[PDB]
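Asks:
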Ligand SMILES: *C/C=C(C)/C=C/C=C(C)/C=C/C1=C(C)CCCC1(C)C
Ligand SMILES: *C/C=C(C)/C=C/C=C(C)/C=C/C1=C(C)CCCC1(C)C
Ligand SMILES: *C/C=C(C)/C=C/C=C(C)/C=C/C1=C(C)CCCC1(C)C
Ligand SMILES: [K+]
Ligand SMILES: [K+]
Ligand SMILES: [K+]
Ligand SMILES: [K+]
Ligand SMILES: [K+]
Ligand SMILES: [K+]
Ligand SMILES: [K+]
Ligand SMILES: [K+]
Ligand SMILES: [K+]
Ligand SMILES: [K+]
Ligand SMILES: [K+]
Ligand SMILES: [K+]
Ligand SMILES: [K+]
Ligand SMILES: [K+]
Ligand SMILES: [K+]
């Protein structure tokens with residue numbers, strides 16, 4: 004039928020509790036992580052919350068909490084949607100669970116931008132737009148029928164590997180500048196970027212529409228954990244990196260000022 | 004049926020004259036207001052149209068006329084759409100009247116940005132993106148079915164109140180800088196922002212889909228007046244503010260130059 | 004029926020080879036042109052590929068290759084879509100051939116921006132957003148029914164003529180600055196802009212939905228050539244302009260440095 008054997012549209016009303024629970028929990032996690040990040044950025048500069056200043060926190064210091072909070076709002080909307088599936092058995096009109104990877108568009112162009120701004124990686128906009136385009140091909144690979152979904156997957160994967168290589172090069176060409184104390188958080192966010200991301204593309208090969216190992220319910224459940232790790236946990240490592248840099252900057256400024264007085 | 008009792012889809016062909024008229028009138032108003040604003044910005048700097056310069060009017064001086072003109076084009080498209088409802092009785096393919104608050108997305112992210120640029124309010128992009136996201140929840144609250152539209156409304160209203168509080172704080176933390184002559188126009192645009200906006204959210208509670216006091220025809224008619232007051236009249240007050248600032252700046256420059264010669 | 008007499012939906016499975024071929028060829032052309040442009044921008048500054056520097060190529064030097072490559076990816080997706088029409092006889096779920104001029108949105112706001120950045124034309128964002136809005140009216144004129152498609156066409160054409168006039172003025176008010184060596188490429192990209200663009204609007208008058216001279220198959224075939232000329236060939240002239248400017252800049256810097264040493 005319209006709903007494939009392994010879809011959430013074949014599940015009966017009353018059997019969606021797991022999905023609502025997972026999505027509410029992830030909404031809370033993402034929103035609260037983003038709220039901690041927001042508090043940390045507002046409260047102060049470095050690890051010891053040094054008073055910001057007249058201009059306040061930079062506007063890019065809000066990109067990171069921003070994504071986490073927005074993804075949490077998205078997940079709350081998804082859980083509201085899943086609750087309609089539990090009752091009415093037929094979703095909402097505004098369902099963020101209908102189009103797969105449609106929310107990942109926004110989130111990704113915002114995260115790659117974050118990384119590229121914080122680490123001062125070059126071609127910030129280039130990278131961010133490339134990822135938006137590769138995550139538009141991702142949506143397509145879920146909607147487009149069999150033979151052509153694999154052709155589209157090929158294009159998307161080629162570009163993903165190309166952009167990944169270029170990104171790797173950029174981070175490794177900024178390693179010299181990045182202090183060793185701040186590199187821990189960077190390498191952790193990179194690890195999240197090079198392992199965690201390829202996971203999204205490989206889970207495709209075992210998905211409900213491709214193979215059929217993971218049914219749509221469980222695919223959705225797994226993409227929630229992956230979002231906690233991207234979005235939320237990526238931002239906590241990037242928040243850490245930022246704070247380390249800002250504490251080291253405070254230290255450097257204070258030392259420069261000591262030498263200025265002396 | 005698909006069309007609720009109090010909808011424009013239940014109205015017979017030939018009974019849409021009022022809607023076409025209102026929407027054409029508002030199109031004219033918004034476009035002409037934006038054109039006056041455009042002329043004023045191009046012609047000169049302050050109230051006495053002081054010759055601009057080599058670079059010309061700043062690109063942000065076009066955000067304000069821009070929105071008004073675009074909303075007027077939107078309303079012209081809406082009136083064309085309403086004319087098809089008057090004749091064919093079944094709308095156009097490209098109807099800006101189908102999805103409610105879908106046009107408000109663009110207009111709002113552009114207006115909050117305007118305010119934040121002109122008054123130099125901090126977190127410009129943050130505020131603008133927050134409003135875009137809260138006006139995406141607004142569209143949802145019109146499409147999503149009963150129980151879940153109120154859950155979504157709750158999220159939207161929470162964020163609206165949060166962003167409103169934050170905005171209020173920002174404007175009041177910039178009051179010291181803003182000259183008293185320019186504050187008149189600011190307080191008027193703020194009044195339009197804190198009263199006029201909450202009106203949009205309260206009319207929801209009495210709308211065709213929520214309660215049923217205001218049928219979709221009249222809801223549409225009221226949202227046209229509200230757009231004249233937001234968009235058009237908001238920009239005339241903001242244009243006024245800008246011009247006041249620019250005239251005071253011209254005065255300050257001329258005084259500084261007199262002291263430079265002396 | 005839903006498909007008009009002169010549409011690609013009336014063509015039988017197996018008769019789409021021409022469309023696939025044209026769209027694959029254009030995909031290759033656009034991608035390869037954009038890749039040459041990308042190589043040229045990365046490799047060096049001017050015509051003689053002068054080593055760039057620490058910061059590398061400006062982020063706007065990627066807007067031009069970018070569009071060409073993205074339009075090539077779009078056309079590859081279109082050819083994949085056309086192959087489904089050749090086999091299944093009913094398109095893909097993600098068809099870039101469904102909505103007419105929907106891809107032109109992105110491409111156009113990116114190209115006008117390019118021109119305005121490279122030639123330092125004023126009102127860059129204004130122009131780019133105007134074109135995005137006029138190319139949203141373009142999509143409408145393909146979907147909206149008879150009487151109202153001509154009303155929308157009128158609005159779109161009025162704005163197109165207005166924006167065209169304003170653009171002409173801007174380029175002619177920057178002619179004095181632009182060196183004569185670089186003007187060749189500029190006038191060629193302008194020629195592509197003032198002739199080539201009006202072609203898009205005039206082909207509308209003879210299209211499958213308006214008149215019926217050009218059926219949708221051949222309209223699609225012609226819009227592919229027009230994209231090679233816009234996108235691809237526009238960027239090769241703009242790449243040329245950029246390179247000329249950069250070689251002249253290198254020359255000027257080297258002369259200034261000779262005088263600095265002397
Ligand atoms: C926070 C959101 C994330 C990390 C989403 C990432 C999405 C991708 C890395 C998409 C990957 C792809 C697919 C699974 C579909 C098409 C092929 C790829 C590789 C672009
Ligand atoms: C110029 C356009 C304007 C002023 C539109 C504003 C729209 C809102 C303030 C939306 C308000 C909300 C709803 C009516 C729906 C969801 C809840 C709110 C408060 C976000
Ligand atoms: C690279 C993409 C290009 C050059 C697309 C350009 C599209 C236009 C110039 C659209 C023109 C118009 C229509 C054919 C429909 C509505 C009326 C116009 C003039 C805006
Ligand atoms: K901070
Ligand atoms: K950042
Ligand atoms: K998300
Ligand atoms: K989804
Ligand atoms: K994050
Ligand atoms: K002005
Ligand atoms: K402004
Ligand atoms: K509007
Ligand atoms: K509407
Ligand atoms: K306005
Ligand atoms: K270059
Ligand atoms: K450029
Ligand atoms: K294209
Ligand atoms: K098309
Ligand atoms: K190009």
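Protein chains in written order, with the working numbering: chain A, 4 to 265; chain P, 4 to 265; chain H, 4 to 265.
Cβ atoms here follow ideal geometry from the backbone N, Cα and C, with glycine treated the same way.
1. Can you tell me whether residue 5/P is buried or exposed? The criterion is at least 16 other CB atoms within 10 Å of its CB, across all chains shown.
2. Quick one: which chain A residues come within Cβ less than 7 Å of residue 65/H?
3. Assign residue 112/A to buried or exposed, taking buried as 16 or more other Cβ atoms, counted over all protein chains shown, within 10 Å of its Cβ.
4. Taking CB distances under 8 Å as the criterion, tell me whether residue 83/P reaches chain D.
5. Which residues have a Cβ closer than 5 Å to any heavy atom of ligand 5, listed in chain order?
6. Apart from the five residues just before and just after residue 181/P, which ones in its own chain have a Cβ nearer than 8 Å to its Cβ?
7. Among residues of its own chain, excluding the 5 on either side of residue 95/A, which ones have a beta-carbon nearer than 8 Å to its beta-carbon?
8. Using a Cβ-Cβ distance under 8 Å, would residue 73/P count as near chain H?
9. Along chain P, which residues have their Cβ under 9 Å away from the Cβ of residue 136/H?
10. Terminal residues of the continuous alpha helix (DSSP H) containing residue 61/P?
11. Measuring CB to CB, does residue 231/H end up less than 8 Å from residue 225/H?
12. If you draw a straight line from the C-alpha of residue 67/H to the C-alpha of residue 80/P, how long is it?
13. Report all residues from its chain with a CB closer than 8 Å to the CB of residue 136/A; omit the five preceding and five following residues, and keep chain order.
14. Would a check of beta-carbon distances place residue 118/P closer than 8 Å to chain H?
15. Within the continuous alpha helix (DSSP H) that includes residue 74/H, where are the two ends?
16. Say the cut is 7 Å; is the CB of residue 345/P nearer than that to a heavy atom of ligand 11?
17. For residue 197/P, which option in 168/P, 179/P, 150/P and 8/P has the closest C-alpha, if you only look at C-alpha atoms?
18. Taking only beta-carbon atoms, is residue 164/A less than 8 Å away from chain H?
19. Closest to residue 254/H by CA distance: which of 52/H, 235/H, 38/H and 9/H is it?
20. Is there at least one Cβ from chain P nearer than 8 Å to residue 247/A's Cβ?
21. Give the residues of chain P in contact with residue 98/H, contact being defined as C-beta atoms less than 7 Å apart.
22. So, do the region 199-217 of chain H and the region 55-65 of chain H have three or more beta carbon pairs nearer to each other than 8 Å?
23. Kindly list, in the order they appear in chain H, the residues whose Cβ is closer than 7 Å to that of residue 59/P.
24. For a test of your reading of the model: does the CB of residue 107/H fall under 7 Å from any non-hydrogen atom of ligand 3? Yes or no.
25. Use the C-beta contact count for residue 171/H: other C-beta atoms within 10 angstroms, 16 or more gives buried, fewer gives exposed.
26. Would you tell me roughly how many angstroms separate the C-alpha atoms of residue 191/A and residue 233/A, rounded to the nearest one?
27. Listed from N- to C-terminal order along the chain, which residues in the region 145-179 of chain A have their beta-carbon within a distance smaller than 7 Å of any beta-carbon of chain H?
28. From what residue to what residue does the alpha helix (DSSP H) around residue 197/A run?
29. Taking Cβ-Cβ distances shorter than 9 Å, what residues in chain A pair up with residue 86/H?
30. Let me know the secondary structure DSSP gives residue 122/P once reduced to three states.
31. Restricting to Cα atoms, I'd like to know which of 204/A, 179/A and 130/A is closest to residue 142/A.
32. Taking the beta carbon of residue 65/H as the centre, do at least 16 other beta carbons fall within 10 Å, making it buried, or is it exposed?
33. Quick check on residue 95/H - is its C-beta less than 8 Å from some C-beta in chain A?
34. Please name the residue in 144/H, 90/H, 103/H and 186/H whose C-alpha comes closest to that of residue 98/P.
35. Say yes only if the C-beta of residue 238/P is nearer than 7 Å to one or more non-hydrogen atoms of ligand 13, and no if none qualify.
Replies: Short version:
1. The residue given as residue 5/P occupies position 2 in the second chain. Flag for residue 5/P reads exposed.
2. Numbered from its first residue, the third chain carries residue 65/H at position 62. Within 7 Å Cβ-Cβ: 126 and 129.
3. Taking the first chain and counting its residues from 1, one reaches residue 112/A at position 109. When all chains shown are included, residue 112/A counts as buried.
4. Of the protein chains in the structure, A, P and H, none is chain D.
5. 63/A, 66/A, 117/A, 120/A and 121/A
6. Looking up residue 181/P in the second chain gives position 178. Counting only Cβ-Cβ distances below 8 Å, and skipping sequence neighbours, we find 122 and 189.
7. As a working mapping, residue 95/A is identified with position 92 in the first chain. Correct list, in chain order: 83, 84 and 87.
8. Translated into the one-based positions of the second chain, residue 73/P becomes position 70. So, interface residue.
9. For the purposes of this step, residue 136/H is identified with residue 133 of the third chain, where counting begins at 1. Per Cβ cutoff of 9 Å: 73 and 76.
10. In the second chain, residue 61/P corresponds to position 58, counting from 1. Unbroken run through residue 61/P: none, as it is neither H nor E.
11. Counted from its first residue, the third chain places residue 231/H at position 228. Counted from its first residue, the third chain places residue 225/H at position 222. Contact: no.
12. On the third chain, residue 67/H is found 64 positions in, with the first residue counted as 1. On the second chain, residue 80/P is found 77 positions in, with the first residue counted as 1. Each residue's Cα considered, the two are about 33 Å apart.
13. Mapped onto the first chain, residue 136/A falls at position 133. Hits under 8 Å: 162.
14. Residue mapping note: residue 118/P aligns to position 115 of the second chain, counting from 1. Not one chain H Cβ lies under 8 Å of residue 118/P.
15. The residue you call residue 74/H lines up with position 71 of the third chain. 66-90 is the span of the alpha helix (DSSP H), which, as asked, contains residue 74/H.
16. Not covered by the structure: residue 345/P. The range shown for chain P is 4 to 265.
17. Looking up residue 197/P in the second chain gives position 194. If you compare the alpha carbons of 168/P, 179/P, 150/P and 8/P with that of residue 197/P, the shortest gap goes to 168/P.
18. Translated into positions along the first chain, residue 164/A becomes position 161. For residue 164/A, the answer is no, since every Cβ of chain H falls outside 8 Å of its Cβ.
19. Locating residue 254/H in the third chain gives position 251, counting from the first residue. Just measuring C-alpha positions, the residue of 52/H, 235/H, 38/H and 9/H sitting nearest residue 254/H is 52/H.
20. Counting from one through the first chain, the residue named residue 247/A turns up at place 244. It does not: the Cβ of residue 247/A has no partner Cβ on chain P nearer than 8 Å.
21. On the third chain, residue 98/H is found 95 positions in, with the first residue counted as 1. Per Cβ cutoff of 7 Å: no residues; residue 98/H is ~16 Å from chain P at best.
22. With the cut-off at 8 Å, the region 199-217 of chain H and the region 55-65 of chain H do not touch.
23. As a working note, residue 59/P is residue 56 in the second chain. Neighbours of residue 59/P on chain H, chain order: 125.
24. For this step, residue 107/H is matched to residue 104 along the third chain. It does: the Cβ of residue 107/H is within 7 Å (strictly closer) of some heavy atom of ligand 3.
25. Along the third chain, read from residue 1 onward, the residue named residue 171/H stands at position 168. In the assembly as shown, residue 171/H is an exposed residue. Its beta-carbon has fewer than 16 other beta-carbons within 10 Å.
26. Numbered from its first residue, the first chain carries residue 191/A at position 188. Numbered from its first residue, the first chain carries residue 233/A at position 230. A straight-line Cα-Cα distance of about 11 Å links residue 191/A and residue 233/A.
27. 146, 147, 148, 151, 154, 155 and 158
28. For the purposes of this step, residue 197/A is taken as residue 194 along the first chain, with counting starting at 1. It is not in any alpha helix (DSSP H) - residue 197/A carries neither H nor E in the DSSP assignment.
29. Translated into the one-based positions of the third chain, residue 86/H becomes position 83. What residue 86/H touches in chain A: 150, 151 and 154.
30. By 1-based counting over the second chain, the position of residue 122/P is 119. If DSSP states are grouped into helix, strand and coil, residue 122/P belongs with coil.
31. The residue you call residue 142/A lines up with position 139 of the first chain. That would be 204/A, whose Cα lies nearest to the Cα of residue 142/A.
32. Counted from its first residue, the third chain places residue 65/H at position 62. Buried, since its Cβ has 16 or more Cβ neighbours within 10 Å.
33. Here residue 95/H refers to the residue found at position 92 when the third chain is read from its first residue. Yes, residue 95/H lies at the interface with chain A (some Cβ there is under 8 Å from its Cβ).
34. Against the second chain, residue 98/P aligns to sequence position 95. Among 144/H, 90/H, 103/H and 186/H, the Cα nearest to that of residue 98/P is on 144/H.
35. One-based indexing of the second chain puts residue 238/P at position 235. At least one heavy atom of ligand 13 is nearer than 7 Å to the Cβ of residue 238/P, so yes.
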